[PDB]
Amino acid sequence: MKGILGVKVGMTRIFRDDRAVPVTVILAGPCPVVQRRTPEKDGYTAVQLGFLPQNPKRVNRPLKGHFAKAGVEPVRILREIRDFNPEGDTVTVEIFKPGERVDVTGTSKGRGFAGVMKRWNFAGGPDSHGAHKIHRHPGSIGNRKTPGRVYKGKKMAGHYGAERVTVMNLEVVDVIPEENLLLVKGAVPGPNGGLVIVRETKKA
Amino acid sequence: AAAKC
Amino acid sequence: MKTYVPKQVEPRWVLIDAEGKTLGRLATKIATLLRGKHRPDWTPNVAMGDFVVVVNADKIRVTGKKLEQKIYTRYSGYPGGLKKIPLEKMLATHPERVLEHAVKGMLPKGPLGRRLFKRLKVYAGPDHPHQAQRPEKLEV
Amino acid sequence: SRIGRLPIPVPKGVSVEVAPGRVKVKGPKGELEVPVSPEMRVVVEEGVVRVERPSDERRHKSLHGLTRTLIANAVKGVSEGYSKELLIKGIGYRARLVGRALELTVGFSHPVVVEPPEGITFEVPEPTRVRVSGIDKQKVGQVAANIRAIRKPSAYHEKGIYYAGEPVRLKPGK
Amino acid sequence: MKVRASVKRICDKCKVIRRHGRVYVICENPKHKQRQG
RNA sequence: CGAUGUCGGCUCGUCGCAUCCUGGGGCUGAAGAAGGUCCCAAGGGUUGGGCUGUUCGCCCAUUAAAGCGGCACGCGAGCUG
RNA sequence: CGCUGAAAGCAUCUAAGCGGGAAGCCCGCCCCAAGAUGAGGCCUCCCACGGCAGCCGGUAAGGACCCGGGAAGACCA
Ligand SMILES: [Mg+2]
Ligand SMILES: [Mg+2]
Ligand SMILES: [Mg+2]
Ligand SMILES: [Mg+2]
Ligand SMILES: [Mg+2]
Ligand SMILES: [Mg+2]
Ligand SMILES: [Mg+2]
Ligand SMILES: [Mg+2]
Ligand SMILES: [Mg+2]
Ligand SMILES: [Mg+2]
Ligand SMILES: [Mg+2]
Ligand SMILES: [Mg+2]
Ligand SMILES: [Mg+2]
Ligand SMILES: [Mg+2]
Ligand SMILES: [Mg+2]
Ligand SMILES: [Mg+2]
Ligand SMILES: [Mg+2]
Ligand SMILES: [Mg+2]
Ligand SMILES: [Mg+2]
Ligand SMILES: [Mg+2]
Ligand SMILES: [Mg+2]
Ligand SMILES: [Mg+2]
Ligand SMILES: [Mg+2]
Ligand SMILES: [Mg+2]
Ligand SMILES: [Mg+2]
Ligand SMILES: [Mg+2]
Ligand SMILES: [Mg+2]
Ligand SMILES: [Mg+2]
Ligand SMILES: [Mg+2]
Ligand SMILES: [Mg+2]
Ligand SMILES: [Mg+2]
Ligand SMILES: [Mg+2]
Ligand SMILES: [Mg+2]
Ligand SMILES: [Mg+2]
Ligand SMILES: [Mg+2]
Ligand SMILES: [Mg+2]
Ligand SMILES: [Mg+2]
Ligand SMILES: [Mg+2]
Ligand SMILES: [Mg+2]
Ligand SMILES: [Mg+2]
Ligand SMILES: [Mg+2]
Ligand SMILES: [Mg+2]
Ligand SMILES: [Mg+2]
Ligand SMILES: [Mg+2]
Ligand SMILES: [Mg+2]
Ligand SMILES: [Mg+2]
Ligand SMILES: [Mg+2]
Ligand SMILES: [Mg+2]
Ligand SMILES: [Mg+2]
Ligand SMILES: [Mg+2]
Ligand SMILES: [Mg+2]
Ligand SMILES: [Mg+2]
Ligand SMILES: [Mg+2]
Ligand SMILES: [Mg+2]
Ligand SMILES: [Mg+2]
Ligand SMILES: [Mg+2]
Ligand SMILES: [Mg+2]
Ligand SMILES: [Mg+2]
Ligand SMILES: [Mg+2]
Ligand SMILES: [Mg+2]
Ligand SMILES: [Mg+2]
Ligand SMILES: [Mg+2]
Ligand SMILES: [Mg+2]
Ligand SMILES: [Mg+2]
Ligand SMILES: [Mg+2]
Ligand SMILES: [Mg+2]
Ligand SMILES: [Mg+2]
Ligand SMILES: [Mg+2]
Ligand SMILES: [Mg+2]
Ligand SMILES: [Mg+2]
Ligand SMILES: [Mg+2]
Ligand SMILES: [Mg+2]
Ligand SMILES: [Mg+2]
Ligand SMILES: [Mg+2]
Ligand SMILES: [Mg+2]
Ligand SMILES: [Mg+2]
Ligand SMILES: [Mg+2]
Ligand SMILES: [Mg+2]
Ligand SMILES: [Mg+2]
Ligand SMILES: [Mg+2]
Ligand SMILES: [Mg+2]
Ligand SMILES: [Mg+2]
Ligand SMILES: [Zn+2]
């Protein structure tokens, strides 16, 4: 189980065997191993990765001490890759080869307060035939005196997106190591410039 | 208002 | 003359080996100790029972076909959120909950009864970390 | 009208050793442990093992006849051993050893390769005869049963894996 | 497998057995297999 | 009865299982293919139209299938009328 | 559906024991989650301040306020 931190660059498409391949470009390299979680000390196995160097003028003393114990320049983002013990003290795009399948995790785009139609694909109401101020309303939310209430988990309007989403089993189309570029086939959660995480697929 | 007739 | 009411005493710590004991018949005795009704100065509105440590709770014993037929139940508040876990699956995944669940249902409901449950410390295996308190081995 | 009280002949030189809830049977072909109720009593005599029950209740009468056969099957296992033969029937059906493994060509799109567990030895004399040999009578019958299930006897044609001595019961299909 | 409330022997080769808390009839004739239920 | 709004539709479901489909079986008057029948199984699925206010039902074209029921014959301080 | 097997010399999937066996069950996958008051763990930072398990200030590491904003957003966050 290998993994790396990255940033969504943007989408484009390449040509490969006379086919347009939709790709999302990710800038993944390089990630210094900042701490390794071990069964002896932490009860589990994981590598705390760093990503993007940070202006040391903005790094308070608790964090500076944390980087110091690793001999690592101050970094913007710390994320652990679970069950991953890389050999070196740095993780780069090289851990992926074209043809492999990866899982990408990002933070979806935030719809804010979202209606029942956008959020849950509800049908809403009719737009004519007398429909009275309910065109985007959810309809009934219950029964009558039995059970006399509304279920937990009831699909209602509310906030939507800006949540952790993992899309799975994406093809690694290319690895351009001189630019720390990973090219993945298909779509990846969140906006351009968003932080993403690239793990080896759990699909088999 | 409709009726219970 | 008014009935005696006791000042606060430091409570006794106690240890019980559950191995090969019958589940409900051990719990009945743990509850009594936690309520402290074995003490002559028992007072119903104060936690003045004993602290009970149990080792080898994984080795509790049950009669009949209850390993496969006694169903613990959990409801989550959601449609369809009734979870059924048979006794052996619990013994195999969280064996200390078997005796904790048995003792809790025999304790008074309410704030004090909840406090008394916290004075119960149940461990699968032969060992417990409360050596600081040096609990007294009891037979039951 | 009884099995429990019938004594067990022990060939020279099989040893039967008694222990709490177990008897060990060592012989020229191997060892077998026979778990036995502590409510029973296994008695080692001259070339003979006997089992005794401590009452005439239904459980004790049932464990009694049971325990005796279990031990008798183990005494036989370590000396004579156990075997069961399977006959393959069908125009394209055959079987061959591939090392220690049993390979069945029994009319599927693929062959079936059965591998032998410990104590089980596959002997394929002819392409239509397979033998399952071992000391454990239960295990030998279980492996044999597995192999037969790979292609059970047809209800309408003499086609499939049969036990030796297994009748051929067919019904009309027209 | 016949599943019914009245299970009996159907032919002289039928056998009534109780396995796993249920009454069965077993027989060399597979039509006669019965479970009580 | 100093008021517990009554059909159908729409919307949103959720539950039961006496199961429509899909999964697993036994029996068959099971050759194969396809069926019948009973058993297990409620995880998921269970189409679009013509007629009528209709529920229901019939019909068209499909489908793995076009399930049956409870929830104040679920749901009018949610809509319709 | 079996293997082995009594009771019940036979037979029996069962009474002792062992196999096989569902889109279902548990885990596995994705998300939430220590108010899990049973409030968990790890890495790092500051440190015994001054005045009659309490009070009163001035501080530490840090934090908030305010400001420029933001594919974050009703306000808040
Ligand atoms: Mg993102
Ligand atoms: Mg992230
Ligand atoms: Mg976002
Ligand atoms: Mg979007
Ligand atoms: Mg927004
Ligand atoms: Mg809406
Ligand atoms: Mg929509
Ligand atoms: Mg949506
Ligand atoms: Mg609509
Ligand atoms: Mg619309
Ligand atoms: Mg409109
Ligand atoms: Mg109107
Ligand atoms: Mg309105
Ligand atoms: Mg309008
Ligand atoms: Mg509404
Ligand atoms: Mg009402
Ligand atoms: Mg109503
Ligand atoms: Mg209610
Ligand atoms: Mg949000
Ligand atoms: Mg999502
Ligand atoms: Mg693919
Ligand atoms: Mg290429
Ligand atoms: Mg670059
Ligand atoms: Mg007094
Ligand atoms: Mg006891
Ligand atoms: Mg008390
Ligand atoms: Mg007390
Ligand atoms: Mg039991
Ligand atoms: Mg009361
Ligand atoms: Mg009849
Ligand atoms: Mg028979
Ligand atoms: Mg009235
Ligand atoms: Mg009034
Ligand atoms: Mg009134
Ligand atoms: Mg009124
Ligand atoms: Mg319904
Ligand atoms: Mg049923
Ligand atoms: Mg079916
Ligand atoms: Mg079927
Ligand atoms: Mg057929
Ligand atoms: Mg035919
Ligand atoms: Mg059938
Ligand atoms: Mg049946
Ligand atoms: Mg279902
Ligand atoms: Mg229709
Ligand atoms: Mg028309
Ligand atoms: Mg119409
Ligand atoms: Mg109609
Ligand atoms: Mg009509
Ligand atoms: Mg049809
Ligand atoms: Mg079909
Ligand atoms: Mg109604
Ligand atoms: Mg209805
Ligand atoms: Mg209504
Ligand atoms: Mg209205
Ligand atoms: Mg209405
Ligand atoms: Mg209403
Ligand atoms: Mg109302
Ligand atoms: Mg309402
Ligand atoms: Mg109302
Ligand atoms: Mg009108
Ligand atoms: Mg009108
Ligand atoms: Mg026999
Ligand atoms: Mg038999
Ligand atoms: Mg048994
Ligand atoms: Mg089994
Ligand atoms: Mg089998
Ligand atoms: Mg999380
Ligand atoms: Mg906490
Ligand atoms: Mg947390
Ligand atoms: Mg508390
Ligand atoms: Mg505490
Ligand atoms: Mg709690
Ligand atoms: Mg605490
Ligand atoms: Mg904490
Ligand atoms: Mg922990
Ligand atoms: Mg803050
Ligand atoms: Mg703003
Ligand atoms: Mg804000
Ligand atoms: Mg404001
Ligand atoms: Mg604002
Ligand atoms: Mg503010
Ligand atoms: Zn018969």
Side-chain angles (χ1 to χ4, degrees), chain A residues 34-35 37 41-44 48 60-70 103 105 107 109-110 112-113 116 120 122-126 129-135 137-147 151 154-155 159 161-166 168 190-194 202-203, chain B, chain C residues 79-80 84-85 89 93 117-118, chain D residues 1-4 6 35-37 58-70 73 136-146 149 154-157 171-174, chain E residues 1-4 15 17-20 26 30-33 35 37:
Chain A
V34 178
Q35 178 177 359
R37 306 296 191 165
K41 201 162 210 40
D42 304 283
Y44 72 104
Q48 195 193 249
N60 58 29
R61 285 183 59 96
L63 303 162
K64 218 118 72 176
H66 180 73
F67 296 131
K69 200 177 185 291
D103 299 337
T105 295
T107 311
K109 290 175 155 170
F113 213 113
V116 103
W120 301 112
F122 280 11
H129 295 284
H132 182 44
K133 303 167 89 188
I134 49 85
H135 312 293
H137 269 254
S140 169
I141 64 179
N143 301 323
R144 210 163 168 189
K145 191 159 203 51
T146 307
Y151 315 138
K154 188 70 178 188
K155 292 185 179 171
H159 283 197
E163 22 163 298
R164 178 201 191 102
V165 185
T166 291
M168 295 192 70
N192 287 332
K202 287 184 187 46
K203 292 314 182 184
Chain B
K4 301 228 267 146
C5 301
Chain C
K84 291 140 186 236
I85 300 92
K89 179 136 256 298
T93 51
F117 178 81
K118 279 139 59 174
Chain D
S1 284
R2 197 65 193 89
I3 291 158
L6 178 74
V36 303
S37 174
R58 293 190 83 108
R59 185 178 78 258
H60 287 158
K61 287 154 58 193
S62 307
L63 294 177
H64 196 200
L66 165 66
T67 301
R68 192 272 184 195
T69 306
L70 251 31
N73 290 339
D136 186 316
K137 180 185 191 192
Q138 190 281 333
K139 176 187 293 176
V140 170
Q142 180 62 87
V143 159
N146 299 345
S154 157
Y156 297 103
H157 297 84
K171 39 153 64 172
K174 208 70 171 190
Chain E
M1 180 76 74
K2 280 169 194 40
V3 180
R4 42 173 79 162
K15 194 186 186 184
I17 68 180
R18 189 161 191 263
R19 64 167 65 130
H20 308 134
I26 57 183
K31 290 196 175 198
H32 297 166
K33 266 202 302 179
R35 172 169 63 87

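The basis for the numbers below is simple: all heavy atoms, side chains too, and nothing from hydrogens, waters or symmetry mates. Residue numbers begin at 1 in each chain, while the letters A, B, ... track the order of the sequences.
- Residue A/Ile134 is in sugar-phosphate contact alone, with no base atom involved, counting any heavy-atom pair closer than 4.0 Å across all strands shown.
- For RNA chain G, the contact window with chain D, defined by any atom under 4.0 Å from a protein heavy atom, covers G/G2 to G/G19 in 5' to 3' order.
- Here the range on RNA chain F touched by chain B, meaning any atom under 4.0 Å from one of its heavy atoms, is F/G5 to F/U6.
- Residue A/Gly43 is the one, among A/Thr107 and A/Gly43, whose nearest nucleotide of RNA chain G lies closer to the 5' end (criterion: closest heavy atom).
- Its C1'-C2'-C3'-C4' torsion being negative, the sugar of F/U19 is assigned to the south family.
- Annotation: F/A66 and F/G70 have their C1' atoms spaced 22 Å apart (nearest Å).
- A north sugar is assigned to F/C56: the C1'-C2'-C3'-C4' torsion is positive, on the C3'-endo side.
- Here F/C17 and F/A18 show unstacked bases; the six-membered rings are not both centred less than 5.5 angstrom apart and angled under 30°.
- Sugar pucker at G/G9: south, on the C2'-endo side, as the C1'-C2'-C3'-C4' dihedral is below zero.
- Between F/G29 and F/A42, the two P atoms lie 32 Å apart (nearest whole Å).
- Taking atom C1' on both nucleotides, F/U19 is separated from F/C40 by 11 Å, rounded to a whole Å.
- Using the sign of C1'-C2'-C3'-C4' as the criterion, F/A77 is classed as a north pucker.
- When each of A/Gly130 and A/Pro147 is assigned the nucleotide of RNA chain F bearing its nearest heavy atom, the one mapping closer to the 5' terminus is A/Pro147.
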Completion exercise
Secondary structure of RNA chain F per the Watson-Crick/G-U criterion (both distances under 3.5 Å; [ ] crossing, | other strand, . unpaired) is .......(((.((((((..(((((((((......))))))..))).(((((.....))))).....)))))..)...))).
